[PDB]
file structure.csv (CSV, C-alpha atoms and all ligand atoms)
chain,number,residue,atom,x,y,z
A,1,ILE,CA,-10.7,1.2,3.6
A,2,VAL,CA,-13.7,3.6,4.0
A,3,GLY,CA,-16.7,3.4,1.7
A,4,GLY,CA,-15.3,0.4,-0.2
A,5,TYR,CA,-16.5,-3.2,-0.5
A,6,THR,CA,-15.6,-6.7,0.3
A,7,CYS,CA,-13.1,-7.7,-2.5
A,8,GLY,CA,-13.7,-11.4,-2.4
A,9,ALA,CA,-11.2,-14.0,-1.2
A,10,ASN,CA,-7.9,-13.9,-3.1
A,11,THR,CA,-9.3,-11.5,-5.7
A,12,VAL,CA,-6.3,-9.3,-4.9
A,13,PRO,CA,-3.6,-11.9,-5.0
A,14,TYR,CA,-0.6,-9.5,-4.7
A,15,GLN,CA,-2.0,-8.0,-1.5
A,16,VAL,CA,-0.1,-8.9,1.6
A,17,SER,CA,-0.5,-8.2,5.3
A,18,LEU,CA,2.4,-7.2,7.4
A,19,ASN,CA,2.1,-8.8,10.8
A,20,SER,CA,3.8,-8.4,14.2
A,21,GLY,CA,1.2,-10.3,16.3
A,22,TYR,CA,-1.5,-8.2,14.7
A,23,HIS,CA,-2.1,-6.6,11.3
A,24,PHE,CA,-0.3,-3.2,11.1
A,25,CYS,CA,0.2,-2.4,7.4
A,26,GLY,CA,-0.3,-3.7,3.8
A,27,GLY,CA,2.1,-4.3,1.0
A,28,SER,CA,2.3,-5.6,-2.5
A,29,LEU,CA,4.1,-8.7,-3.8
A,30,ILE,CA,6.3,-7.8,-6.8
A,31,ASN,CA,8.1,-11.1,-7.1
A,32,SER,CA,8.4,-14.3,-5.2
A,33,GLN,CA,10.9,-12.9,-2.8
A,34,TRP,CA,10.2,-9.1,-2.6
A,35,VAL,CA,7.3,-7.0,-1.3
A,36,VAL,CA,6.8,-3.3,-1.8
A,37,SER,CA,5.4,-1.3,1.2
A,38,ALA,CA,5.7,2.1,2.9
A,39,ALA,CA,8.7,3.4,4.8
A,40,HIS,CA,6.5,4.6,7.7
A,41,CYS,CA,5.5,0.9,8.1
A,42,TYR,CA,9.1,0.0,9.0
A,43,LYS,CA,9.6,-2.0,12.2
A,44,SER,CA,11.6,-5.1,13.2
A,45,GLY,CA,10.1,-8.6,13.5
A,46,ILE,CA,7.9,-8.2,10.4
A,47,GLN,CA,6.1,-11.3,9.3
A,48,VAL,CA,4.7,-11.2,5.7
A,49,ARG,CA,1.3,-12.9,5.3
A,50,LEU,CA,0.5,-13.8,1.7
A,51,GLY,CA,-2.7,-15.4,0.3
A,52,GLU,CA,-4.9,-13.8,3.1
A,53,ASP,CA,-8.6,-13.0,3.1
A,54,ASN,CA,-9.8,-13.3,6.7
A,55,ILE,CA,-6.8,-12.1,8.6
A,56,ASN,CA,-8.2,-13.6,11.9
A,57,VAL,CA,-8.8,-17.1,10.6
A,58,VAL,CA,-6.6,-19.7,9.0
A,59,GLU,CA,-8.7,-20.6,6.0
A,60,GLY,CA,-6.2,-22.1,3.7
A,61,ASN,CA,-4.0,-20.6,1.0
A,62,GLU,CA,-2.0,-18.5,3.6
A,63,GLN,CA,1.8,-18.4,3.5
A,64,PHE,CA,3.5,-16.8,6.5
A,65,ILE,CA,7.0,-15.8,5.8
A,66,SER,CA,9.3,-13.7,8.0
A,67,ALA,CA,11.0,-10.7,6.4
A,68,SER,CA,14.8,-11.2,6.1
A,69,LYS,CA,15.5,-7.6,5.1
A,70,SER,CA,13.5,-4.3,5.4
A,71,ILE,CA,14.9,-1.6,3.3
A,72,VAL,CA,13.6,1.9,3.8
A,73,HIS,CA,14.3,4.5,1.1
A,74,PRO,CA,17.6,6.2,2.3
A,75,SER,CA,16.0,9.5,1.5
A,76,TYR,CA,12.8,8.8,3.4
A,77,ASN,CA,11.7,11.8,5.6
A,78,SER,CA,9.3,10.9,8.4
A,79,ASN,CA,8.0,14.4,8.8
A,80,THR,CA,7.0,15.0,5.1
A,81,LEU,CA,6.7,11.4,4.1
A,82,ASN,CA,8.7,12.1,1.0
A,83,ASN,CA,10.0,8.8,-0.4
A,84,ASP,CA,7.5,6.8,1.7
A,85,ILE,CA,8.6,3.4,0.3
A,86,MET,CA,10.2,0.3,1.7
A,87,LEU,CA,11.4,-3.0,0.1
A,88,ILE,CA,11.0,-6.1,2.1
A,89,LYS,CA,12.8,-9.3,1.2
A,90,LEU,CA,11.3,-12.7,2.2
A,91,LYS,CA,13.4,-15.2,4.1
A,92,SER,CA,12.2,-17.8,1.6
A,93,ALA,CA,10.6,-17.3,-1.7
A,94,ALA,CA,6.8,-17.4,-1.7
A,95,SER,CA,5.1,-20.2,-3.7
A,96,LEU,CA,3.4,-18.4,-6.5
A,97,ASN,CA,-0.1,-19.5,-7.4
A,98,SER,CA,-3.5,-18.1,-8.4
A,99,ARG,CA,-4.0,-16.9,-4.9
A,100,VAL,CA,-0.5,-15.6,-4.4
A,101,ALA,CA,0.8,-13.6,-7.3
A,102,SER,CA,3.1,-10.7,-8.0
A,103,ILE,CA,1.9,-7.3,-9.4
A,104,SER,CA,3.8,-5.5,-12.2
A,105,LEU,CA,5.8,-2.3,-11.7
A,106,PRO,CA,4.6,0.4,-14.1
A,107,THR,CA,6.3,1.2,-17.4
A,108,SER,CA,5.1,4.8,-17.2
A,109,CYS,CA,3.4,7.0,-14.6
A,110,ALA,CA,-0.4,7.1,-14.7
A,111,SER,CA,-2.4,10.2,-15.5
A,112,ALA,CA,-5.1,12.1,-13.6
A,113,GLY,CA,-8.5,10.4,-14.1
A,114,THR,CA,-7.0,7.0,-14.3
A,115,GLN,CA,-9.1,4.6,-12.2
A,116,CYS,CA,-7.3,2.5,-9.7
A,117,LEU,CA,-7.9,-0.3,-7.2
A,118,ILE,CA,-7.0,0.4,-3.6
A,119,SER,CA,-7.2,-2.4,-1.0
A,120,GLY,CA,-6.6,-3.1,2.6
A,121,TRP,CA,-7.5,-4.3,6.1
A,122,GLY,CA,-7.4,-0.8,7.5
A,123,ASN,CA,-10.1,1.3,9.3
A,124,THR,CA,-13.5,1.2,7.6
A,125,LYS,CA,-14.8,4.3,9.4
A,126,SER,CA,-14.4,8.1,8.8
A,127,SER,CA,-14.5,8.7,12.5
A,128,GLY,CA,-14.0,6.2,15.2
A,129,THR,CA,-12.5,2.7,14.5
A,130,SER,CA,-13.7,-0.5,12.9
A,131,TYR,CA,-11.2,-3.0,11.5
A,132,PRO,CA,-12.4,-5.8,9.1
A,133,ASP,CA,-11.4,-9.4,9.1
A,134,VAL,CA,-11.6,-9.7,5.3
A,135,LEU,CA,-9.9,-7.7,2.6
A,136,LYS,CA,-11.6,-4.5,1.5
A,137,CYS,CA,-11.4,-2.8,-1.9
A,138,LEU,CA,-12.0,0.7,-3.2
A,139,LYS,CA,-12.1,2.0,-6.8
A,140,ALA,CA,-10.6,5.5,-7.0
A,141,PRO,CA,-9.3,7.8,-9.7
A,142,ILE,CA,-6.0,9.6,-9.6
A,143,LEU,CA,-6.6,13.3,-9.2
A,144,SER,CA,-4.9,16.2,-11.0
A,145,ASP,CA,-1.7,17.9,-9.9
A,146,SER,CA,-3.5,21.1,-9.2
A,147,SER,CA,-6.3,19.6,-7.1
A,148,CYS,CA,-3.8,17.6,-5.1
A,149,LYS,CA,-1.7,20.6,-4.3
A,150,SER,CA,-4.8,22.7,-3.8
A,151,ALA,CA,-5.9,20.2,-1.2
A,152,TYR,CA,-2.5,20.0,0.6
A,153,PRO,CA,-0.6,23.1,-0.2
A,154,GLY,CA,3.2,22.9,0.2
A,155,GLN,CA,2.9,19.3,1.2
A,156,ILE,CA,2.9,17.4,-2.1
A,157,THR,CA,6.2,16.4,-3.6
A,158,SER,CA,7.0,15.0,-7.0
A,159,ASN,CA,6.9,11.6,-5.3
A,160,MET,CA,3.3,11.9,-4.2
A,161,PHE,CA,-0.1,11.8,-6.0
A,162,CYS,CA,-3.7,12.2,-4.8
A,163,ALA,CA,-6.4,9.6,-5.5
A,164,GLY,CA,-10.0,9.4,-4.3
A,165,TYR,CA,-13.0,11.6,-3.8
A,166,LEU,CA,-13.2,15.2,-2.8
A,167,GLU,CA,-16.8,14.8,-1.7
A,168,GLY,CA,-16.0,12.6,1.3
A,169,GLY,CA,-17.1,9.1,2.2
A,170,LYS,CA,-14.5,6.9,0.3
A,171,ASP,CA,-10.8,6.6,1.0
A,172,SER,CA,-8.0,4.5,2.4
A,173,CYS,CA,-7.2,4.9,6.1
A,174,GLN,CA,-5.0,3.7,8.9
A,175,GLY,CA,-4.1,0.0,8.6
A,176,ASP,CA,-4.1,0.3,4.8
A,177,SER,CA,-0.7,2.0,4.9
A,178,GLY,CA,1.8,0.3,2.6
A,179,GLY,CA,-0.9,-1.3,0.6
A,180,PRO,CA,-1.4,-1.2,-3.2
A,181,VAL,CA,-2.8,1.4,-5.6
A,182,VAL,CA,-3.0,-0.6,-8.8
A,183,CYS,CA,-4.1,1.0,-12.0
A,184,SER,CA,-4.5,-0.9,-15.3
A,185,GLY,CA,-2.6,-3.9,-13.9
A,186,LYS,CA,0.3,-1.8,-12.6
A,187,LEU,CA,1.5,-0.9,-9.1
A,188,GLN,CA,1.3,2.9,-9.3
A,189,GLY,CA,0.8,3.9,-5.7
A,190,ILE,CA,1.5,3.0,-2.1
A,191,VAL,CA,-1.0,4.0,0.7
A,192,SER,CA,0.9,6.8,2.4
A,193,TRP,CA,-1.1,9.6,4.2
A,194,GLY,CA,-3.9,12.1,4.3
A,195,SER,CA,-5.8,14.4,6.7
A,196,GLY,CA,-8.1,12.0,8.6
A,197,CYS,CA,-9.9,9.5,6.3
A,198,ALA,CA,-12.6,10.1,3.8
A,199,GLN,CA,-13.0,13.7,4.8
A,200,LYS,CA,-14.3,16.2,2.2
A,201,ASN,CA,-11.6,18.0,0.3
A,202,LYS,CA,-8.9,15.8,1.8
A,203,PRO,CA,-8.2,12.9,-0.6
A,204,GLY,CA,-5.7,10.1,0.0
A,205,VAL,CA,-2.0,10.8,-0.7
A,206,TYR,CA,0.0,8.0,-2.3
A,207,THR,CA,3.7,7.3,-3.0
A,208,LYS,CA,4.3,7.7,-6.7
A,209,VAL,CA,5.8,4.3,-7.5
A,210,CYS,CA,6.7,5.1,-11.1
A,211,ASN,CA,9.5,7.4,-9.7
A,212,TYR,CA,11.1,4.4,-7.9
A,213,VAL,CA,11.1,1.7,-10.5
A,214,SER,CA,14.8,2.0,-11.2
A,215,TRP,CA,15.6,2.3,-7.5
A,216,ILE,CA,13.5,-0.8,-6.8
A,217,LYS,CA,15.3,-2.8,-9.5
A,218,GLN,CA,18.7,-1.6,-8.6
A,219,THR,CA,18.2,-2.3,-4.9
A,220,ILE,CA,16.7,-5.8,-5.5
A,221,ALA,CA,19.5,-6.7,-7.8
A,222,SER,CA,22.0,-5.7,-5.2
A,223,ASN,CA,20.4,-7.6,-2.4
B,1,LIG,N1,-6.5,8.0,2.7
B,1,LIG,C1,-6.2,8.5,3.9
B,1,LIG,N2,-6.9,9.5,4.4
B,1,LIG,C2,-5.1,7.9,4.7
B,1,LIG,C3,-4.6,8.6,5.8
B,1,LIG,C4,-3.6,8.2,6.7
B,1,LIG,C5,-2.9,7.1,6.5
B,1,LIG,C6,-1.7,6.5,7.2
B,1,LIG,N3,-0.6,7.3,7.1
B,1,LIG,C7,-0.2,8.2,8.0
B,1,LIG,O1,-1.0,8.2,9.0
B,1,LIG,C8,1.0,9.0,8.0
B,1,LIG,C9,2.1,8.2,8.6
B,1,LIG,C10,2.7,9.1,9.7
B,1,LIG,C11,1.7,10.2,9.8
B,1,LIG,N4,0.9,10.2,8.6
B,1,LIG,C12,0.3,11.2,8.1
B,1,LIG,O2,-0.7,11.0,7.5
B,1,LIG,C13,0.8,12.6,8.2
B,1,LIG,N5,1.3,13.3,7.0
B,1,LIG,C14,2.3,14.3,7.1
B,1,LIG,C15,2.1,15.7,7.6
B,1,LIG,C16,1.3,16.6,6.5
B,1,LIG,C17,2.3,17.4,5.6
B,1,LIG,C18,3.1,16.4,4.8
B,1,LIG,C19,2.9,14.8,5.1
B,1,LIG,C20,3.3,14.2,6.5
B,1,LIG,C21,-3.3,6.4,5.3
B,1,LIG,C22,-4.4,6.8,4.5
B,2,CA,CA,-6.3,-16.1,7.0

call {"tool": "encode", "arguments": {"input": "structure.csv", "output": "structure tokens"}}
result
Amino acid sequence: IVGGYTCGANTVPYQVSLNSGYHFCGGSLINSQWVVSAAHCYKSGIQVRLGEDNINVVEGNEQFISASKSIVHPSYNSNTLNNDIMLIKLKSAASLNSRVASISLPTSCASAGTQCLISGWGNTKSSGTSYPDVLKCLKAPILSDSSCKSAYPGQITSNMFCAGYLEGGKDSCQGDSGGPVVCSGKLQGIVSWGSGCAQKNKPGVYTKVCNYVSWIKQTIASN
């Protein structure tokens, strides 16, 4: 997260860290046994870390749970990042509490201008690298269809939306991938891609979760 702020410990209680001996992606808890992340975050040996603030210190309230299933959208395309979504099942259910909580799936798609909360342990710099220990937050609006396609012509599918700031300075970045875009209490986006981070005229691109609610429910019920 570039140009954001320290969230505060466990202020984003649905935010998880995906760990493979290091933090490599984010995700969102949607029930005590399932996490929503990005398909480009797939790998084997995923450990899900819930209740995190400082990812480099055991502070209390952490739950480490291995993934027992990682389900990439069958129609995920790694070149276009269309359908950049993955469902991860926990080997055991998480213990739900004020610091470890699920986030609601949306009832409807959000509209342009809608202000959202984007969070992660990703890169905090626009050029060069700096990774934080504690969770970072960014408030960002969803942008219009037209501006999004203007910014990335021929690359925006009906499963992507843009959010952020055309003026540069504030964005998600590498490491934030798979993390939440939450708007009005609902999971509307997944950190997916963009050109660089926080560059002018290149806003973040996010998986449009409202298009997958049925998929998510049908898949979970079947697994
Ligand atoms: N807000 C940001 N600027 C932001 C930027 C990058 C990321 C992490 N995601 C990525 O780095 C992804 C994963 C594989 C290559 N990524 C890309 O960003 C590449 N995107 C492509 C090529 C452009 C035309 C269609 C889209 C596919 C996350 C956030
Ligand atoms: Ca910790």

call {"tool": "residues_near_ligand", "arguments": {"input": "structure.csv", "ligand": "ligand CA 2 (chain B)", "cutoff": "12 Å", "atoms": "all atoms listed in the file", "output": "list in words"}}
result
residues 9, 10, 16, 17, 19, 23, 49, 50, 51, 52, 53, 54, 55, 56, 57, 58, 59, 60, 61, 62, 63, 64, 121, 133, 134 and 135 of chain A

call {"tool": "write_last_selection", "arguments": {"input": "structure.csv", "atoms": "C-alpha atoms", "output": "PDB file, in the frame of the given file"}}
result
ATOM      1  CA  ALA A   9     -11.200 -14.000  -1.200  1.00  0.00           C
ATOM      2  CA  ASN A  10      -7.900 -13.900  -3.100  1.00  0.00           C
ATOM      3  CA  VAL A  16      -0.100  -8.900   1.600  1.00  0.00           C
ATOM      4  CA  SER A  17      -0.500  -8.200   5.300  1.00  0.00           C
ATOM      5  CA  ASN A  19       2.100  -8.800  10.800  1.00  0.00           C
ATOM      6  CA  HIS A  23      -2.100  -6.600  11.300  1.00  0.00           C
ATOM      7  CA  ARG A  49       1.300 -12.900   5.300  1.00  0.00           C
ATOM      8  CA  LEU A  50       0.500 -13.800   1.700  1.00  0.00           C
ATOM      9  CA  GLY A  51      -2.700 -15.400   0.300  1.00  0.00           C
ATOM     10  CA  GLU A  52      -4.900 -13.800   3.100  1.00  0.00           C
ATOM     11  CA  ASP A  53      -8.600 -13.000   3.100  1.00  0.00           C
ATOM     12  CA  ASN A  54      -9.800 -13.300   6.700  1.00  0.00           C
ATOM     13  CA  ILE A  55      -6.800 -12.100   8.600  1.00  0.00           C
ATOM     14  CA  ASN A  56      -8.200 -13.600  11.900  1.00  0.00           C
ATOM     15  CA  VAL A  57      -8.800 -17.100  10.600  1.00  0.00           C
ATOM     16  CA  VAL A  58      -6.600 -19.700   9.000  1.00  0.00           C
ATOM     17  CA  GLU A  59      -8.700 -20.600   6.000  1.00  0.00           C
ATOM     18  CA  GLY A  60      -6.200 -22.100   3.700  1.00  0.00           C
ATOM     19  CA  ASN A  61      -4.000 -20.600   1.000  1.00  0.00           C
ATOM     20  CA  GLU A  62      -2.000 -18.500   3.600  1.00  0.00           C
ATOM     21  CA  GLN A  63       1.800 -18.400   3.500  1.00  0.00           C
ATOM     22  CA  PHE A  64       3.500 -16.800   6.500  1.00  0.00           C
ATOM     23  CA  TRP A 121      -7.500  -4.300   6.100  1.00  0.00           C
ATOM     24  CA  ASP A 133     -11.400  -9.400   9.100  1.00  0.00           C
ATOM     25  CA  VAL A 134     -11.600  -9.700   5.300  1.00  0.00           C
ATOM     26  CA  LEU A 135      -9.900  -7.700   2.600  1.00  0.00           C
TER      27      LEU A 135
END

call {"tool": "residues_around", "arguments": {"input": "structure.csv", "residues": "residue 127 (chain A)", "least_positions_apart": "6", "cutoff": "12 Å", "atoms": "all atoms listed in the file", "output": "PyMOL selection string"}}
result
chain A and resi 2+168-169+173-174+195-199

call {"tool": "atom_distance", "arguments": {"input": "structure.csv", "atom1": "CA of residue 181 (chain A)", "atom2": "CA of residue 44 (chain A)"}}
result
24.6 Å

call {"tool": "closest_residue", "arguments": {"input": "structure.csv", "among": "A:93, A:110, A:116, A:156", "to": "ligand LIG 1 (chain B)", "atoms": "all atoms listed in the file"}}
result
A:156

call {"tool": "closest_atom_pairs", "arguments": {"input": "structure.csv", "of": "region 63-158 of chain A", "to": "region 188-192 of chain A", "cutoff": "8 Å", "atoms": "all atoms listed in the file", "output": "tab-separated table"}}
result
residue	atom	partner	partner_atom	distance
A:81	CA	A:192	CA	7.6
A:84	CA	A:192	CA	6.6
A:85	CA	A:190	CA	7.5
A:105	CA	A:188	CA	7.3
A:106	CA	A:188	CA	6.3
A:109	CA	A:188	CA	7.0
A:110	CA	A:188	CA	7.0

call {"tool": "write_last_selection", "arguments": {"input": "structure.csv", "atoms": "C-alpha atoms", "output": "tab-separated table (two decimals), keeping the file's coordinate frame"}}
result
chain	number	residue	atom	x	y	z
A	81	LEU	CA	6.70	11.40	4.10
A	84	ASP	CA	7.50	6.80	1.70
A	85	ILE	CA	8.60	3.40	0.30
A	105	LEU	CA	5.80	-2.30	-11.70
A	106	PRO	CA	4.60	0.40	-14.10
A	109	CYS	CA	3.40	7.00	-14.60
A	110	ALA	CA	-0.40	7.10	-14.70

call {"tool": "residues_near_ligand", "arguments": {"input": "structure.csv", "ligand": "ligand LIG 1 (chain B)", "cutoff": "10 Å", "atoms": "all atoms listed in the file", "output": "ChimeraX atom specification"}}
result
/A:1-2,25,38-41,77-82,84,118,122-123,126,152-157,160,162-165,170-179,190-199,202-206

call {"tool": "write_last_selection", "arguments": {"input": "structure.csv", "atoms": "C-alpha atoms", "output": "CSV table (one decimal), in the coordinates of the input"}}
result
chain,number,residue,atom,x,y,z
A,1,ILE,CA,-10.7,1.2,3.6
A,2,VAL,CA,-13.7,3.6,4.0
A,25,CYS,CA,0.2,-2.4,7.4
A,38,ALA,CA,5.7,2.1,2.9
A,39,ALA,CA,8.7,3.4,4.8
A,40,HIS,CA,6.5,4.6,7.7
A,41,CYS,CA,5.5,0.9,8.1
A,77,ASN,CA,11.7,11.8,5.6
A,78,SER,CA,9.3,10.9,8.4
A,79,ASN,CA,8.0,14.4,8.8
A,80,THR,CA,7.0,15.0,5.1
A,81,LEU,CA,6.7,11.4,4.1
A,82,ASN,CA,8.7,12.1,1.0
A,84,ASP,CA,7.5,6.8,1.7
A,118,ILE,CA,-7.0,0.4,-3.6
A,122,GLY,CA,-7.4,-0.8,7.5
A,123,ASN,CA,-10.1,1.3,9.3
A,126,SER,CA,-14.4,8.1,8.8
A,152,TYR,CA,-2.5,20.0,0.6
A,153,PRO,CA,-0.6,23.1,-0.2
A,154,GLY,CA,3.2,22.9,0.2
A,155,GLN,CA,2.9,19.3,1.2
A,156,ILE,CA,2.9,17.4,-2.1
A,157,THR,CA,6.2,16.4,-3.6
A,160,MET,CA,3.3,11.9,-4.2
A,162,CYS,CA,-3.7,12.2,-4.8
A,163,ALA,CA,-6.4,9.6,-5.5
A,164,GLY,CA,-10.0,9.4,-4.3
A,165,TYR,CA,-13.0,11.6,-3.8
A,170,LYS,CA,-14.5,6.9,0.3
A,171,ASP,CA,-10.8,6.6,1.0
A,172,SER,CA,-8.0,4.5,2.4
A,173,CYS,CA,-7.2,4.9,6.1
A,174,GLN,CA,-5.0,3.7,8.9
A,175,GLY,CA,-4.1,0.0,8.6
A,176,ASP,CA,-4.1,0.3,4.8
A,177,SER,CA,-0.7,2.0,4.9
A,178,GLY,CA,1.8,0.3,2.6
A,179,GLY,CA,-0.9,-1.3,0.6
A,190,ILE,CA,1.5,3.0,-2.1
A,191,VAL,CA,-1.0,4.0,0.7
A,192,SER,CA,0.9,6.8,2.4
A,193,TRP,CA,-1.1,9.6,4.2
A,194,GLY,CA,-3.9,12.1,4.3
A,195,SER,CA,-5.8,14.4,6.7
A,196,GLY,CA,-8.1,12.0,8.6
A,197,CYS,CA,-9.9,9.5,6.3
A,198,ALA,CA,-12.6,10.1,3.8
A,199,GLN,CA,-13.0,13.7,4.8
A,202,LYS,CA,-8.9,15.8,1.8
A,203,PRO,CA,-8.2,12.9,-0.6
A,204,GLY,CA,-5.7,10.1,0.0
A,205,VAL,CA,-2.0,10.8,-0.7
A,206,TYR,CA,0.0,8.0,-2.3

call {"tool": "closest_residue", "arguments": {"input": "structure.csv", "among": "A:107, A:223, A:150, A:124", "to": "residue 90 (chain A)", "atoms": "only C-alpha atoms"}}
result
A:223

call {"tool": "closest_residue", "arguments": {"input": "structure.csv", "among": "A:142, A:120, A:33, A:18", "to": "residue 221 (chain A)", "atoms": "all atoms listed in the file"}}
result
A:33

call {"tool": "residues_around", "arguments": {"input": "structure.csv", "residues": "residue 14 (chain A)", "least_positions_apart": "5", "cutoff": "9 Å", "atoms": "only C-alpha atoms", "output": "count of residues only"}}
result
13

call {"tool": "residues_around", "arguments": {"input": "structure.csv", "residues": "residue 216 (chain A)", "least_positions_apart": "6", "cutoff": "10 Å", "atoms": "all atoms listed in the file", "output": "PyMOL selection string"}}
result
chain A and resi 34+36+73+85-87+105+209-210+222
